[PDB]
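Chemist: would you be able to build a 3D model of this:
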Amino acid sequence: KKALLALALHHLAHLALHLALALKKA
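Modeler: Residues are numbered from 1 along each chain as shown. Okay, here it is:
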């Protein structure tokens, strides 16, 4: 898969970022 330069860690926290809103936002 074509990937770019980034932090796989934050990446998770990032997914978590929306996952957060997505979960928190009703």
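
Chemist: tell me the phi and psi of residue 23?
Modeler: Residue 23 adopts backbone torsions of phi -90, psi -40, taken as degrees, to the nearest 10.

Chemist: my error: substitute residue 3 in the last question.
Modeler: The phi/psi pair for residue 3 (degrees, to the nearest 10) is phi -120, psi 160.

Chemist: quick one: contacts for it?
Modeler: Contacts for residue 3 were tallied using CB atoms under 8 Å, 6 or more residues apart in numbering; there are none. All C-beta atoms are positioned from the backbone trio N, CA, C, and that covers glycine.

Chemist: now do the helices in this protein.
Modeler: 8-24 (DSSP state H).

Chemist: centroid residue for it?
Modeler: residue 15 (1.6 Å; CA atoms, centre = their mean).

Chemist: against residue 7, how distant is that residue?
Modeler: 12 Å (CB to CB, to the nearest Å).

Chemist: now swap in residue 1 and tell me
Modeler: 17 Å.

Chemist: these two: which has the busier surroundings?
Modeler: Counted by other CB atoms under 10 Å, residue 1 and residue 7 do not tie: residue 7 has more neighbours, with 9 against 2.

Chemist: residue 14 versus that one, what's the distance?
Modeler: In terms of CB to CB, residue 7 sits 9 Å off from residue 14.

Chemist: could you do residue 26 as well?
Modeler: 22 Å.

Chemist: the two: which is more packed in?
Modeler: residue 14 (13 against 3).

Chemist: so how far is residue 23 from the more buried one?
Modeler: 14 Å.

Chemist: cool, residue 11 as well?
Modeler: Distance from residue 11 to residue 23, by CB to CB: 18 Å.

Chemist: next: residue 13.
Modeler: Taken as CB to CB, the span from residue 13 to residue 23 is 14 Å.
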